[PDB]
$ cat target_26.pdb   # PDB, C-alpha atoms and all ligand atoms
ATOM      1  CA  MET A   1      -1.326 262.666  80.468  1.00  0.00           C
ATOM      2  CA  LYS A   2      -4.142 261.333  78.307  1.00  0.00           C
ATOM      3  CA  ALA A   3      -7.082 259.067  78.948  1.00  0.00           C
ATOM      4  CA  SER A   4      -7.504 255.888  76.901  1.00  0.00           C
ATOM      5  CA  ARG A   5     -10.510 254.027  75.554  1.00  0.00           C
ATOM      6  CA  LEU A   6     -10.494 250.225  75.291  1.00  0.00           C
ATOM      7  CA  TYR A   7     -10.820 248.527  71.912  1.00  0.00           C
ATOM      8  CA  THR A   8     -10.279 244.977  70.689  1.00  0.00           C
ATOM      9  CA  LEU A   9      -8.812 243.626  67.485  1.00  0.00           C
ATOM     10  CA  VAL A  10      -9.116 239.975  66.418  1.00  0.00           C
ATOM     11  CA  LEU A  11      -7.029 238.184  63.791  1.00  0.00           C
ATOM     12  CA  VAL A  12      -8.337 234.833  62.580  1.00  0.00           C
ATOM     13  CA  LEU A  13      -4.940 233.341  61.732  1.00  0.00           C
ATOM     14  CA  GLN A  14      -4.827 229.843  60.227  1.00  0.00           C
ATOM     15  CA  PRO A  15      -1.700 227.960  59.059  1.00  0.00           C
ATOM     16  CA  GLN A  16      -1.812 229.349  55.500  1.00  0.00           C
ATOM     17  CA  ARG A  17      -4.267 232.245  55.554  1.00  0.00           C
ATOM     18  CA  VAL A  18      -5.656 235.091  57.623  1.00  0.00           C
ATOM     19  CA  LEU A  19      -9.173 236.531  57.646  1.00  0.00           C
ATOM     20  CA  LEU A  20      -9.398 240.321  57.329  1.00  0.00           C
ATOM     21  CA  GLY A  21     -12.365 242.624  56.953  1.00  0.00           C
ATOM     22  CA  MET A  22     -12.673 245.608  54.670  1.00  0.00           C
ATOM     23  CA  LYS A  23     -14.412 248.569  56.256  1.00  0.00           C
ATOM     24  CA  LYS A  24     -17.277 249.348  53.900  1.00  0.00           C
ATOM     25  CA  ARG A  25     -18.771 252.746  54.755  1.00  0.00           C
ATOM     26  CA  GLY A  26     -18.083 256.053  56.441  1.00  0.00           C
ATOM     27  CA  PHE A  27     -14.750 257.639  57.166  1.00  0.00           C
ATOM     28  CA  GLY A  28     -11.922 255.134  56.916  1.00  0.00           C
ATOM     29  CA  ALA A  29     -13.671 252.914  54.378  1.00  0.00           C
ATOM     30  CA  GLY A  30     -11.394 250.958  52.079  1.00  0.00           C
ATOM     31  CA  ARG A  31      -8.892 249.602  54.611  1.00  0.00           C
ATOM     32  CA  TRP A  32      -8.489 245.939  55.634  1.00  0.00           C
ATOM     33  CA  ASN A  33      -8.214 245.147  59.335  1.00  0.00           C
ATOM     34  CA  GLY A  34      -8.932 242.588  61.976  1.00  0.00           C
ATOM     35  CA  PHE A  35     -12.378 242.556  63.568  1.00  0.00           C
ATOM     36  CA  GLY A  36     -13.064 244.560  66.680  1.00  0.00           C
ATOM     37  CA  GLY A  37     -14.432 247.625  68.352  1.00  0.00           C
ATOM     38  CA  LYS A  38     -15.028 249.288  71.683  1.00  0.00           C
ATOM     39  CA  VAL A  39     -15.158 247.217  74.853  1.00  0.00           C
ATOM     40  CA  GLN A  40     -18.429 247.667  76.740  1.00  0.00           C
ATOM     41  CA  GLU A  41     -19.113 248.072  80.444  1.00  0.00           C
ATOM     42  CA  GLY A  42     -18.805 244.911  82.512  1.00  0.00           C
ATOM     43  CA  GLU A  43     -17.480 242.528  79.849  1.00  0.00           C
ATOM     44  CA  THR A  44     -13.927 241.292  79.954  1.00  0.00           C
ATOM     45  CA  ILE A  45     -11.673 242.433  77.138  1.00  0.00           C
ATOM     46  CA  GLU A  46     -11.643 238.872  75.780  1.00  0.00           C
ATOM     47  CA  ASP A  47     -15.427 238.698  75.819  1.00  0.00           C
ATOM     48  CA  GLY A  48     -15.648 242.052  74.055  1.00  0.00           C
ATOM     49  CA  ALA A  49     -13.287 240.693  71.414  1.00  0.00           C
ATOM     50  CA  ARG A  50     -15.436 237.581  70.948  1.00  0.00           C
ATOM     51  CA  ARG A  51     -18.558 239.756  70.673  1.00  0.00           C
ATOM     52  CA  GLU A  52     -17.049 242.062  68.048  1.00  0.00           C
ATOM     53  CA  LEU A  53     -15.775 239.110  66.035  1.00  0.00           C
ATOM     54  CA  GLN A  54     -19.301 237.714  65.882  1.00  0.00           C
ATOM     55  CA  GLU A  55     -20.921 241.058  65.033  1.00  0.00           C
ATOM     56  CA  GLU A  56     -18.457 241.994  62.295  1.00  0.00           C
ATOM     57  CA  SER A  57     -17.565 238.625  60.768  1.00  0.00           C
ATOM     58  CA  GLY A  58     -20.348 236.240  61.831  1.00  0.00           C
ATOM     59  CA  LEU A  59     -17.850 233.863  63.459  1.00  0.00           C
ATOM     60  CA  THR A  60     -18.667 232.622  66.964  1.00  0.00           C
ATOM     61  CA  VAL A  61     -15.633 231.358  68.894  1.00  0.00           C
ATOM     62  CA  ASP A  62     -15.379 230.030  72.443  1.00  0.00           C
ATOM     63  CA  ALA A  63     -11.912 231.376  73.220  1.00  0.00           C
ATOM     64  CA  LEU A  64      -9.238 233.714  71.938  1.00  0.00           C
ATOM     65  CA  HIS A  65      -5.587 234.126  72.860  1.00  0.00           C
ATOM     66  CA  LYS A  66      -4.163 237.547  73.601  1.00  0.00           C
ATOM     67  CA  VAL A  67      -1.146 238.321  71.447  1.00  0.00           C
ATOM     68  CA  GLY A  68      -0.494 242.039  71.794  1.00  0.00           C
ATOM     69  CA  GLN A  69      -1.493 245.512  72.816  1.00  0.00           C
ATOM     70  CA  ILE A  70      -1.209 248.621  70.671  1.00  0.00           C
ATOM     71  CA  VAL A  71      -1.796 252.201  71.798  1.00  0.00           C
ATOM     72  CA  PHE A  72      -2.774 254.657  69.062  1.00  0.00           C
ATOM     73  CA  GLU A  73      -2.498 258.409  69.350  1.00  0.00           C
ATOM     74  CA  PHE A  74      -3.894 260.730  66.666  1.00  0.00           C
ATOM     75  CA  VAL A  75      -2.836 264.345  66.245  1.00  0.00           C
ATOM     76  CA  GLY A  76      -5.726 266.533  67.450  1.00  0.00           C
ATOM     77  CA  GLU A  77      -7.415 263.718  69.418  1.00  0.00           C
ATOM     78  CA  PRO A  78      -6.663 263.818  73.183  1.00  0.00           C
ATOM     79  CA  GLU A  79      -8.051 260.305  73.777  1.00  0.00           C
ATOM     80  CA  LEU A  80      -5.737 257.357  73.130  1.00  0.00           C
ATOM     81  CA  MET A  81      -6.977 254.076  71.668  1.00  0.00           C
ATOM     82  CA  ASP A  82      -5.838 251.140  73.800  1.00  0.00           C
ATOM     83  CA  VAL A  83      -6.228 248.171  71.441  1.00  0.00           C
ATOM     84  CA  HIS A  84      -6.004 244.642  72.797  1.00  0.00           C
ATOM     85  CA  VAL A  85      -5.069 242.228  70.041  1.00  0.00           C
ATOM     86  CA  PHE A  86      -6.202 238.595  69.970  1.00  0.00           C
ATOM     87  CA  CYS A  87      -5.939 235.608  67.673  1.00  0.00           C
ATOM     88  CA  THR A  88      -8.573 232.894  67.346  1.00  0.00           C
ATOM     89  CA  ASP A  89      -7.974 229.429  68.802  1.00  0.00           C
ATOM     90  CA  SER A  90     -10.129 227.642  66.191  1.00  0.00           C
ATOM     91  CA  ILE A  91     -13.166 228.515  64.123  1.00  0.00           C
ATOM     92  CA  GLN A  92     -16.153 226.417  63.121  1.00  0.00           C
ATOM     93  CA  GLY A  93     -18.370 228.498  60.822  1.00  0.00           C
ATOM     94  CA  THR A  94     -18.146 230.747  57.729  1.00  0.00           C
ATOM     95  CA  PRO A  95     -17.569 234.506  57.688  1.00  0.00           C
ATOM     96  CA  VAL A  96     -20.434 236.695  56.510  1.00  0.00           C
ATOM     97  CA  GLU A  97     -20.504 240.224  55.154  1.00  0.00           C
ATOM     98  CA  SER A  98     -22.098 242.748  57.520  1.00  0.00           C
ATOM     99  CA  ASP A  99     -23.381 245.986  55.971  1.00  0.00           C
ATOM    100  CA  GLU A 100     -20.227 247.598  57.410  1.00  0.00           C
ATOM    101  CA  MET A 101     -17.464 244.983  56.925  1.00  0.00           C
ATOM    102  CA  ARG A 102     -16.634 242.513  54.161  1.00  0.00           C
ATOM    103  CA  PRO A 103     -14.536 239.555  55.373  1.00  0.00           C
ATOM    104  CA  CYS A 104     -11.999 238.035  52.999  1.00  0.00           C
ATOM    105  CA  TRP A 105      -9.295 235.377  53.336  1.00  0.00           C
ATOM    106  CA  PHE A 106      -5.723 236.220  52.313  1.00  0.00           C
ATOM    107  CA  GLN A 107      -2.909 233.735  51.858  1.00  0.00           C
ATOM    108  CA  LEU A 108       0.061 234.430  54.135  1.00  0.00           C
ATOM    109  CA  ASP A 109       2.284 235.323  51.151  1.00  0.00           C
ATOM    110  CA  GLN A 110      -0.344 237.873  50.024  1.00  0.00           C
ATOM    111  CA  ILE A 111      -0.944 239.898  53.172  1.00  0.00           C
ATOM    112  CA  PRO A 112      -2.456 243.151  51.779  1.00  0.00           C
ATOM    113  CA  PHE A 113      -0.183 245.522  53.687  1.00  0.00           C
ATOM    114  CA  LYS A 114      -0.604 248.427  51.258  1.00  0.00           C
ATOM    115  CA  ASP A 115      -4.362 248.417  51.958  1.00  0.00           C
ATOM    116  CA  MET A 116      -3.993 247.910  55.731  1.00  0.00           C
ATOM    117  CA  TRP A 117      -3.278 250.334  58.535  1.00  0.00           C
ATOM    118  CA  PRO A 118       0.387 251.424  58.236  1.00  0.00           C
ATOM    119  CA  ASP A 119       1.157 250.169  61.749  1.00  0.00           C
ATOM    120  CA  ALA A 120       0.224 246.599  60.746  1.00  0.00           C
ATOM    121  CA  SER A 121       3.375 246.378  58.639  1.00  0.00           C
ATOM    122  CA  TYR A 122       5.304 246.538  61.935  1.00  0.00           C
ATOM    123  CA  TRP A 123       3.388 244.285  64.328  1.00  0.00           C
ATOM    124  CA  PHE A 124       1.700 241.788  62.029  1.00  0.00           C
ATOM    125  CA  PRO A 125       5.026 240.068  61.213  1.00  0.00           C
ATOM    126  CA  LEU A 126       5.463 239.431  64.946  1.00  0.00           C
ATOM    127  CA  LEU A 127       1.943 238.038  65.096  1.00  0.00           C
ATOM    128  CA  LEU A 128       2.764 235.705  62.189  1.00  0.00           C
ATOM    129  CA  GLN A 129       5.838 234.411  64.052  1.00  0.00           C
ATOM    130  CA  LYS A 130       3.639 233.644  67.092  1.00  0.00           C
ATOM    131  CA  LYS A 131       5.391 236.321  69.142  1.00  0.00           C
ATOM    132  CA  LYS A 132       3.683 238.700  71.583  1.00  0.00           C
ATOM    133  CA  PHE A 133       4.133 242.453  71.391  1.00  0.00           C
ATOM    134  CA  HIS A 134       3.455 245.926  72.752  1.00  0.00           C
ATOM    135  CA  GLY A 135       3.249 248.824  70.322  1.00  0.00           C
ATOM    136  CA  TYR A 136       2.523 252.532  70.270  1.00  0.00           C
ATOM    137  CA  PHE A 137       1.859 254.596  67.130  1.00  0.00           C
ATOM    138  CA  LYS A 138       1.269 258.320  66.755  1.00  0.00           C
ATOM    139  CA  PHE A 139      -0.534 259.230  63.541  1.00  0.00           C
ATOM    140  CA  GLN A 140      -1.101 262.429  61.620  1.00  0.00           C
ATOM    141  CA  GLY A 141      -4.405 261.566  60.005  1.00  0.00           C
ATOM    142  CA  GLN A 142      -4.886 258.026  58.726  1.00  0.00           C
ATOM    143  CA  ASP A 143      -1.679 257.516  56.764  1.00  0.00           C
ATOM    144  CA  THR A 144       1.359 259.110  58.412  1.00  0.00           C
ATOM    145  CA  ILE A 145       3.227 257.773  61.440  1.00  0.00           C
ATOM    146  CA  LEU A 146       5.101 260.515  63.328  1.00  0.00           C
ATOM    147  CA  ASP A 147       6.450 258.338  66.140  1.00  0.00           C
ATOM    148  CA  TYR A 148       6.134 254.710  67.139  1.00  0.00           C
ATOM    149  CA  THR A 149       7.562 252.047  69.425  1.00  0.00           C
ATOM    150  CA  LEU A 150       7.354 248.287  69.065  1.00  0.00           C
ATOM    151  CA  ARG A 151       8.693 245.620  71.372  1.00  0.00           C
ATOM    152  CA  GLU A 152       8.426 241.893  71.581  1.00  0.00           C
ATOM    153  CA  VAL A 153       7.314 240.843  75.068  1.00  0.00           C
ATOM    154  CA  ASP A 154       7.034 237.547  76.872  1.00  0.00           C
ATOM    155  CA  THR A 155       3.762 238.496  78.590  1.00  0.00           C
ATOM    156  CA  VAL A 156       1.196 240.843  77.074  1.00  0.00           C
TER     157      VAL A 156
HETATM  158 NA    NA A 201     -15.584 247.907  64.544  1.00  0.00          NA
END
$ encode --input "target_26.pdb" --output "structure tokens"
Amino acid sequence: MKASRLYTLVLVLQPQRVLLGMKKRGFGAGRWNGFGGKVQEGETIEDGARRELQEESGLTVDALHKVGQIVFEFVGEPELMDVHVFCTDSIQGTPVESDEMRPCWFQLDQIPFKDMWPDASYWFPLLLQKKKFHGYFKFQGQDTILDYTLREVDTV
């Protein structure tokens, strides 16, 4: 069995639009995603998610709601990514570009799936329907899913 590392992912989902961030530099640049990163020692997962949202988007929020969990496995990487997915309760400031991520609003009939992680085509529709989910995705590289599971759950 494999060890897992904790990550967060935050979707700022409003009634007609969603905020995504384009990764600007390094490997993986060019893909839109929610905001997030590794959880740090001592902080709750929710507090790590709030911290990453502020660092990557500039938005400071008091509370998030957990909507899902996705485990990622990559061929050749023994460590799994255990990603805890949150949506914002409300926001009260403007997003800002950080040298590493460019935030952008998308209308909910223009979700940029072709420029997102392939897994998001599966779980983001559940997120839009205000459902909770558990997913697992095994990737060859960045683009190819070899195996995956997705289930709606009542409790994350
Ligand atoms: Na990040």
$ residues_around --input "target_26.pdb" --residues "residue A:89" --least-positions-apart "3" --cutoff "8 Å" --atoms "only C-alpha atoms" --output "PyMOL selection string"
chain A and resi 61+63-65
$ residues_around --input "target_26.pdb" --residues "stretch 34-36 of chain A" --least-positions-apart "3" --cutoff "10 Å" --atoms "all atoms listed in the file" --output "MDAnalysis selection string"
chainID A and resid 7:12 18:23 39 48:57 83:87 101 103 116
$ resolve_selection --input "target_26.pdb" --expression "the PyMOL selection byres (((chain A and resi 91) around 8) and not hetatm)" --output "PyMOL selection string"
chain A and resi 59-61+88-90+92-93
$ resolve_selection --input "target_26.pdb" --expression "the PyMOL selection byres (((chain A and resi 80) around 8) and not hetatm)" --output "list in words"
residues 2, 3, 4, 5, 71, 72, 73, 74, 77, 78, 79, 81 and 82 of chain A
$ closest_residue --input "target_26.pdb" --among "A:129, A:94, A:33, A:155" --to "ligand NA 201 (chain A)" --atoms "only C-alpha atoms and all ligand atoms"
A:33
$ decode --input "target_26.pdb" --residues "stretch 125-144 of chain A" --atoms "N, CA, C and O atoms" --output "PDB file, in the first residue's frame"
ATOM      1  N   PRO A 125     -19.071  18.458 -12.488  1.00  0.00           N
ATOM      2  CA  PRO A 125     -20.535  18.474 -12.600  1.00  0.00           C
ATOM      3  C   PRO A 125     -21.245  18.163 -11.298  1.00  0.00           C
ATOM      4  O   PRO A 125     -22.300  18.741 -11.024  1.00  0.00           O
ATOM      5  N   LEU A 126     -20.712  17.238 -10.489  1.00  0.00           N
ATOM      6  CA  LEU A 126     -21.324  16.962  -9.191  1.00  0.00           C
ATOM      7  C   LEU A 126     -21.240  18.185  -8.300  1.00  0.00           C
ATOM      8  O   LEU A 126     -22.216  18.544  -7.631  1.00  0.00           O
ATOM      9  N   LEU A 127     -20.072  18.823  -8.287  1.00  0.00           N
ATOM     10  CA  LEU A 127     -19.883  20.041  -7.519  1.00  0.00           C
ATOM     11  C   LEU A 127     -20.890  21.114  -7.939  1.00  0.00           C
ATOM     12  O   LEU A 127     -21.472  21.799  -7.090  1.00  0.00           O
ATOM     13  N   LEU A 128     -21.154  21.239  -9.244  1.00  0.00           N
ATOM     14  CA  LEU A 128     -22.112  22.243  -9.699  1.00  0.00           C
ATOM     15  C   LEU A 128     -23.531  21.955  -9.226  1.00  0.00           C
ATOM     16  O   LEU A 128     -24.309  22.890  -8.998  1.00  0.00           O
ATOM     17  N   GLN A 129     -23.888  20.685  -9.096  1.00  0.00           N
ATOM     18  CA  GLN A 129     -25.190  20.258  -8.616  1.00  0.00           C
ATOM     19  C   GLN A 129     -25.288  20.285  -7.101  1.00  0.00           C
ATOM     20  O   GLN A 129     -26.296  19.821  -6.561  1.00  0.00           O
ATOM     21  N   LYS A 130     -24.255  20.779  -6.413  1.00  0.00           N
ATOM     22  CA  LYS A 130     -24.237  20.830  -4.952  1.00  0.00           C
ATOM     23  C   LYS A 130     -24.338  19.428  -4.355  1.00  0.00           C
ATOM     24  O   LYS A 130     -24.993  19.209  -3.335  1.00  0.00           O
ATOM     25  N   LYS A 131     -23.694  18.464  -5.006  1.00  0.00           N
ATOM     26  CA  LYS A 131     -23.542  17.126  -4.465  1.00  0.00           C
ATOM     27  C   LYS A 131     -22.125  16.964  -3.920  1.00  0.00           C
ATOM     28  O   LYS A 131     -21.210  17.720  -4.265  1.00  0.00           O
ATOM     29  N   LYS A 132     -21.954  15.993  -3.028  1.00  0.00           N
ATOM     30  CA  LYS A 132     -20.662  15.671  -2.435  1.00  0.00           C
ATOM     31  C   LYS A 132     -20.146  14.387  -3.068  1.00  0.00           C
ATOM     32  O   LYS A 132     -20.933  13.554  -3.534  1.00  0.00           O
ATOM     33  N   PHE A 133     -18.817  14.232  -3.116  1.00  0.00           N
ATOM     34  CA  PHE A 133     -18.271  13.112  -3.871  1.00  0.00           C
ATOM     35  C   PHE A 133     -16.948  12.619  -3.300  1.00  0.00           C
ATOM     36  O   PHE A 133     -16.214  13.345  -2.620  1.00  0.00           O
ATOM     37  N   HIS A 134     -16.630  11.371  -3.655  1.00  0.00           N
ATOM     38  CA  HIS A 134     -15.312  10.778  -3.468  1.00  0.00           C
ATOM     39  C   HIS A 134     -14.853  10.297  -4.828  1.00  0.00           C
ATOM     40  O   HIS A 134     -15.614   9.629  -5.536  1.00  0.00           O
ATOM     41  N   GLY A 135     -13.619  10.618  -5.198  1.00  0.00           N
ATOM     42  CA  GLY A 135     -13.065  10.155  -6.453  1.00  0.00           C
ATOM     43  C   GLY A 135     -11.662   9.613  -6.277  1.00  0.00           C
ATOM     44  O   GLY A 135     -10.966   9.896  -5.298  1.00  0.00           O
ATOM     45  N   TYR A 136     -11.247   8.832  -7.272  1.00  0.00           N
ATOM     46  CA  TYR A 136      -9.893   8.322  -7.375  1.00  0.00           C
ATOM     47  C   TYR A 136      -9.554   8.328  -8.858  1.00  0.00           C
ATOM     48  O   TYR A 136     -10.365   7.882  -9.672  1.00  0.00           O
ATOM     49  N   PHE A 137      -8.355   8.784  -9.210  1.00  0.00           N
ATOM     50  CA  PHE A 137      -7.924   8.827 -10.605  1.00  0.00           C
ATOM     51  C   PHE A 137      -6.472   8.419 -10.682  1.00  0.00           C
ATOM     52  O   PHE A 137      -5.637   8.985  -9.961  1.00  0.00           O
ATOM     53  N   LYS A 138      -6.190   7.444 -11.559  1.00  0.00           N
ATOM     54  CA  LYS A 138      -4.831   7.037 -11.867  1.00  0.00           C
ATOM     55  C   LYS A 138      -4.466   7.612 -13.223  1.00  0.00           C
ATOM     56  O   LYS A 138      -5.160   7.360 -14.220  1.00  0.00           O
ATOM     57  N   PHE A 139      -3.361   8.353 -13.260  1.00  0.00           N
ATOM     58  CA  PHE A 139      -2.902   9.033 -14.454  1.00  0.00           C
ATOM     59  C   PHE A 139      -1.590   8.451 -14.952  1.00  0.00           C
ATOM     60  O   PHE A 139      -0.678   8.168 -14.156  1.00  0.00           O
ATOM     61  N   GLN A 140      -1.478   8.336 -16.277  1.00  0.00           N
ATOM     62  CA  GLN A 140      -0.193   8.232 -16.957  1.00  0.00           C
ATOM     63  C   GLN A 140       0.161   9.648 -17.392  1.00  0.00           C
ATOM     64  O   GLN A 140      -0.509  10.218 -18.262  1.00  0.00           O
ATOM     65  N   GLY A 141       1.192  10.224 -16.784  1.00  0.00           N
ATOM     66  CA  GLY A 141       1.492  11.610 -17.099  1.00  0.00           C
ATOM     67  C   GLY A 141       0.379  12.557 -16.679  1.00  0.00           C
ATOM     68  O   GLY A 141      -0.357  12.315 -15.715  1.00  0.00           O
ATOM     69  N   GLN A 142       0.254  13.666 -17.410  1.00  0.00           N
ATOM     70  CA  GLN A 142      -0.713  14.699 -17.040  1.00  0.00           C
ATOM     71  C   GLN A 142      -2.063  14.548 -17.729  1.00  0.00           C
ATOM     72  O   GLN A 142      -3.030  15.204 -17.323  1.00  0.00           O
ATOM     73  N   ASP A 143      -2.161  13.723 -18.769  1.00  0.00           N
ATOM     74  CA  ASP A 143      -3.292  13.805 -19.675  1.00  0.00           C
ATOM     75  C   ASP A 143      -4.142  12.557 -19.748  1.00  0.00           C
ATOM     76  O   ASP A 143      -5.278  12.653 -20.218  1.00  0.00           O
ATOM     77  N   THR A 144      -3.642  11.403 -19.316  1.00  0.00           N
ATOM     78  CA  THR A 144      -4.266  10.125 -19.636  1.00  0.00           C
ATOM     79  C   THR A 144      -4.702   9.423 -18.362  1.00  0.00           C
ATOM     80  O   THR A 144      -3.872   9.046 -17.538  1.00  0.00           O
TER      81      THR A 144
END
